[PDB]
Amino acid sequence: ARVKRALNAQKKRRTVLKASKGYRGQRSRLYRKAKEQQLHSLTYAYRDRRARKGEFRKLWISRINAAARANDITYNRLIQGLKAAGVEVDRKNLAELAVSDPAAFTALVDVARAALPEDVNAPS
Amino acid sequence: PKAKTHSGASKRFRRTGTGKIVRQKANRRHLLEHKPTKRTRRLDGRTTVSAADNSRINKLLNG
Amino acid sequence: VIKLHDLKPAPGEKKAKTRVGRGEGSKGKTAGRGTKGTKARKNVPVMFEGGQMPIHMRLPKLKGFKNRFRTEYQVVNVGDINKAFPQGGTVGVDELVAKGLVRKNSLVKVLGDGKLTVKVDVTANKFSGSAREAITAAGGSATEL
Amino acid sequence: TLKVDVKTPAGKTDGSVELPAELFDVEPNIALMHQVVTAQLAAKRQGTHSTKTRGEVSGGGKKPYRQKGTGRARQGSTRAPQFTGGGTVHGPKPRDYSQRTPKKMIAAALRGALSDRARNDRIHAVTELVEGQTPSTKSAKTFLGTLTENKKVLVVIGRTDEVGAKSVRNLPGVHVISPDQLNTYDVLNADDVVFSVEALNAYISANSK
RNA sequence: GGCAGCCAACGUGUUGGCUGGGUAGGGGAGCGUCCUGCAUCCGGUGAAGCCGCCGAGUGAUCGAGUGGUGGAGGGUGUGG
RNA sequence: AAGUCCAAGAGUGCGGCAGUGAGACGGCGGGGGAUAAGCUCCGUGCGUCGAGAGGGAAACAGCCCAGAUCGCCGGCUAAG
RNA sequence: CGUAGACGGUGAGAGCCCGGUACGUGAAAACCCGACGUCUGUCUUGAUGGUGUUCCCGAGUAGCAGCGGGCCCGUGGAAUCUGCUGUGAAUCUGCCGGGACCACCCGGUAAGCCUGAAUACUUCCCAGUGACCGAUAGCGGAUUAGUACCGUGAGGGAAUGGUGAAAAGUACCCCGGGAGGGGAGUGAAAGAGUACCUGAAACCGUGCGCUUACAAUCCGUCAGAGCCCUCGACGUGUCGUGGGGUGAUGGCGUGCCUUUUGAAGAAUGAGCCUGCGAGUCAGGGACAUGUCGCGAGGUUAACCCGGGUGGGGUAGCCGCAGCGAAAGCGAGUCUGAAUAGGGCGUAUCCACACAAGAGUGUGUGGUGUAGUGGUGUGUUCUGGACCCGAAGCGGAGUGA
């Protein structure tokens, strides 16, 4: 029973090269060099799927802080005040309001400032 | 090809009715003057091979 | 009806051969042998122990001789005589072999391990003292022949 | 008591045969039958498949080139396995696939197959296959059609009935076996089993004995 | 919100609790190849192969989904 | 005596199969050294790397936090 | 039709078109194998059976040594068998063989022979077979094959199959010197043109879309404008549960393998693609587990009969009783003058008692102890033993 390593062998090669369609140079043409980049490609995909949440939260925080400064409040005091007021709007939607509806963000800024302690620096 | 049995192991080890592998103790052939008879008796007779060597002794006895 | 396409092995009868050395998912690369060494390319014999005196050399050879001429008996116990012959009667080597108590062509000896309760005219190459005593006590006879 | 009516070619039942329970009423053991038929097919398989190792392939005695200095991999033979044209490392060698299956297992598998057929009413008996003397495939095919509409039929016929053997031999799905050679694979492969009365009696005698 | 390993409960497989980084290595279960017993099904109304498209699977991978080339053998089940 | 106890997936024994038997650094206790070495040799129900991704030490196996089953463009935090 | 549905061929799956097949028939000659007669020898020139006493019953032999070879036997207490060297016997009250010597006892009459069958093998020939290979495979060799080629030589030693069903292989046009092509034709197909089935990748172009000449890039990944296409919608060109190409820009980001304490490592290997390239197989092997069969039994090996798997095959093997070194004894046995205790055994478990709390024992009574053949799998043994690799060693030859 002599089996040729051709039908079976080409399947993973076609898969890896199809995935590598778009890579520069050998990484898109040679199965071996595409496989090396595909290992790194999916390692990065996993890493960046897990870091995308953090980096989008960073973007949201940057925008919320921008709107907070516009509304004359600090971002951390804004978050403190929102928590004290019991506003459970996450940073994604807060930044959405900051960008689309600045009046809503000003309303929430007023809420957070109202719910802040009379003295933020007091030990409480 | 039949598995050949190790001659040395076949001559130095034995099985009992239950199958325990037994061996005589060393240090009873010569230089027996200084050995107290208590040591000679301790060395006399057969004891079960230690569990550690049981595997290799069984392999040598079977093949 | 059952057919050749219906015949299957018993559950758990057949096991998949282990294809060693085929990719890292299964036993890959080293093929279950680990990194370098003797055992990475050969099987170390069973009698080798690192060069120290092996256990088959540092231990003394068992005492005695085998006695080429030893006369050994296939033994049957009187308890088995009871079980095989509830009716008693003449029990020779042929009867014992027929009932499957001793080998077909062998010197039969009778031993008194079980209990005898039936009249038996046993006939074996030898009888233990207890076997003869039980054979007599049960009203039977133990003819050594 | 399984009474298989003995139908003559002419279309007239001539007596019946009683199939013993010990032979035609055994609980079919699928795993046993599988082991037995696999052993049979392994025995049938001739392992006439060979390849030349690196010591059997021609030439390659000489070390192709120096051990060091040439900048090339160390080769000890132009016939090493990695070499094109070299020898096969673990390729096939002739093998005897027959397996020493116990006699009781073989017999039980056969009795189980016959039992399955008898239970399904797939065992027929016949006084003769055609009529005697001159073989007639048309007559034998007509009679086997009147008996069974299934495709695979195992005709367990006696050695002396050369007439019936030849007459039924050329039908496509009709294996012909002798009562002493009756085997699992044959019975299981066949949809029906047609015994000549003599063949059935010989099988029953040889087995009850 | 999804999956998987152990365990329990009751059921006639649902839930729940825990647990699922991993080299040497161990165990389990599988994908794919071609060769075959048997059984079926596809094929000059176009098999395989190859190139795609649209997709699919928890993985190996898959498309009895499809289009191009092709020109004759293939698939599926169940075993060896 | 309790706790852990739908688990540590514990301990022990006997079997199948192993791999390992080159360790590294860090804290503490020490020998050799010059109470040098990123030195060397020990002890450490000490840790981590080895075999460990993620965050922090800028970068930086062994340091600090923390042990990745998968997906979220949710939230709270550890070291910092 | 089938005593023919074997296999092949034929323009694609043919029992019925062809060669054939089942089944039948056919040797002038030669060879072989048989018998049938001449012919050849022998016996008849005789067959029968009992008595007692001398010669004969294989000589440089047997035997004995000294040195060796062979046997399980490695010189050992070393028989038997043997070679070379010496020494060297008797003929039946003889002599050997019983692993040295006997009232011994048994085997019998060596030193001279011939002897079929059962057995080993296949250069060659014939007919077949393949859960064999299918052109880097299978023979080194599907072609030129032990050829070409290399070497002085012994020797080493390749590569190279596929148009189409049929050559119908482009009568005569055009460009060109030709090659080659474009026409036109044959063809089902020329997306089959003697460079020819299918026609992968590597590799090399050309066309189109996006993108890039202020930029520091393990060449990706995640966000992602812009641009270019696609599927819907509404029926304004803009939105969508969309899809695809490209990717300005920003974040993150130190190849794979091996081997290491540790490698992105400036340690190893890899230029690329395709193909091939490594735990395989034999054995009643060994151990352990799975699974069947039968079970105190289980199996049979060789071999015999079956144009097949099937049926026989009771020799053996493992179970079945152990203890010991055996006279051995035996549920006991060994040790011991010592019913003194221990060792190892009496499957296991349950109840009853007697005991002693030295770890529990003793008996008694209950159920009755489970192996063994296939076979899967993992290890393992002997083999090349998962694959590759030395320098070197030996035998026989080739070279001044």
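The rules behind these values
Note on numbering: every chain is counted from 1 along its sequence as written, possibly out of step with the entry's scheme, and residues lacking coordinates are dropped from view. In the order they appear in the text, chains get letters beginning with A and ligands get numbers beginning with 1. Values throughout refer to the chains shown here, themselves only part of a larger assembly. Values reported for side chains reflect all heavy atoms of the structure, with hydrogen atoms and water molecules removed beforehand. UniProt positions are given in the numbering used here, feature names are shortened, and annotations may be inferred rather than shown by experiment. Residues enter a nonpolar core if they are buried and are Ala, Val, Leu, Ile, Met, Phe, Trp, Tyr or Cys, with the set joined through side-chain atoms within 4.5 Å. Burial classification: accessible surface area is computed with a 1.4 Å probe over protein chains only, and a residue below 20% of its type maximum counts as buried, one above 50% as exposed, and the rest as partly exposed. In what follows, a contact means two residues having at least one pair of non-hydrogen atoms within 4.5 Å. Residues are classed as near a molecule or strand on a simple rule: at least one heavy atom within 4 Å of it. Any N or O atom pair separated by 3.5 Å or less is treated as a polar contact, with the protein-specific requirement of one donor-capable and one acceptor-capable atom, and with residues adjacent in sequence counted only for side-chain atom pairs. Pairing between strands requires that DSSP locate at least two bridges from one strand to the other. For helices the rule is a DSSP run of H or I covering at least 4 residues; for strands it is a run of E covering at least 2, with both sets numbered from the N terminus onward. Lines fitted to the C-alpha atoms define the axes, with helices restricted to the stretch that makes contact. Angles between their N-to-C directions range from 0 to 180 degrees. In the scheme used here, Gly and all other residues not listed as nonpolar or charged are polar, with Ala, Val, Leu, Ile, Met, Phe, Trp, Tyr, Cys and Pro taken as nonpolar and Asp, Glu, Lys and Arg as charged. Points on a 1 Å grid over protein atoms alone make up a cavity when a 1.4 Å probe fits among them but cannot get out, and a pocket when they form an open set with protein on both sides within 12 Å along at least five of seven lines; lining residues each have an atom within 4 Å of a point. Grid points are joined across faces, edges and corners, and a volume is the space filled by probe spheres set on the points.

Going by what the PDB entry lists, chain C is known as 50S ribosomal protein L15 and is assigned to Mycolicibacterium smegmatis MC2 155. Its PDB record names the entry "Structure of Mycobacterium smegmatis 50S ribosomal subunit bound to HflX and erythromycin:50S-HflX-A-Ery".

As recorded in the PDB entry, chain A goes by 50S Ribosomal Protein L20 and comes from Mycolicibacterium smegmatis MC2 155. Its UniProt record gives chain A the following Function comment, quoted word for word: "Binds directly to 23S ribosomal RNA and is necessary for the in vitro assembly process of the 50S ribosomal subunit. It is not involved in the protein synthesizing functions of that subunit." According to its UniProt record, chain A has this under Sequence similarities: "Belongs to the bacterial ribosomal protein bL20 family."

Draft legend 1. The arrangement of the nonpolar core in detail. One finds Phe-24, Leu-114, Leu-182 and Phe-195 of chain D to be the most contacted residues of the largest nonpolar core, which totals 32 residues. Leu-182 of chain D has contacts with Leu-110, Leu-114, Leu-154, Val-156, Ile-177, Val-187, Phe-195 and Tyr-203 of chain D, leaving out every residue within four places of it along the chain.

Draft legend 2. The arrangement of the protein's contact with RNA strand E in detail. Around RNA strand E lies a shell of 26 residues, among which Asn-8 and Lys-11 of chain A, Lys-14 and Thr-30 of chain C together with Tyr-185 of chain D are the nearest. Close to the protein, within 4 Å, the atoms of RNA strand E are drawn from sugar and phosphate at a rate of 94%. Between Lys-14 of chain C and RNA strand E, the recorded distance is 2.6 Å, taken from a side-chain N or O atom to a phosphate oxygen. Here a phosphate oxygen of RNA strand E and a side-chain polar atom of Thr-30 of chain C are 2.2 Å apart.

Draft legend 3. Region of the structure containing the sheet that holds strand β4 (residues 120-124) of chain C. Residue and element names in this part refer to chain C. In space, the three strands of this open sheet follow the order β2-β4-β6, with parallel pairing throughout. Whereas interior strands pair on both sides, the edge strands pair on one side only; in this sheet they are β2 (89-91) and β6 (141-144). The average undirected angle you get between the axes of adjacent strands in this sheet is 15 degrees. Here three bridges tie β2 to β4, and the two strands are oriented parallel to one another. Following the sheet pairing, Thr-90 is matched in β4 by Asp-121.

Draft legend 4. Broad picture of the interface of chain C and chain D. Every contact between the two is made by eleven residues of chain C and, on the other side, 16 residues of chain D. Counting every contact that joins chain C to chain D gives four residue pairs in polar contact. By residue class, the composition of the side of chain C that touches chain D is six nonpolar, no polar and five charged.

Draft legend 5. Highlighting the layout of surface pockets. Volume-wise, the largest pocket comes out at about 860 Å³. In terms of lining residues, the largest pocket is bounded by 20 residues, among which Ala-1, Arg-2 and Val-3 of chain A together with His-90 and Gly-91 of chain D are the most central.

Draft legend 6. Representation of the environment of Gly-89 of chain C in the model. Residue and element names in this part refer to chain C. Structurally, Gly-89 can be placed in strand β2. For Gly-89, a relative accessible area of 32% corresponds to the partly exposed category. For the pair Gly-89 and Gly-32, spaced 57 residues apart in sequence, the C-alpha to C-alpha distance is 65 Å. Residue contacts for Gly-89: discarding those within four places in its chain leaves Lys-119, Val-120 and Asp-121.

Draft legend 7. Focus on the protein's contact with RNA strand G. Residues in contact with RNA strand G amount to 137 residues; listed here are only the nearest, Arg-24 of chain A, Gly-12 and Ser-130 of chain C together with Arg-100 and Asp-180 of chain D. In RNA strand G, atoms within 4 Å of the protein come from the sugar-phosphate backbone in 73% of cases. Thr-30 of chain C has a polar backbone atom sitting 3.4 Å from a base oxygen of RNA strand G. Residue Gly-76 of chain D places a main-chain N or O atom 3.2 Å away from a phosphate oxygen belonging to RNA strand G. Counting residues per element, the surface near RNA strand G draws most heavily on helix α3 (residues 31-70) of chain A, which supplies 14 residues.

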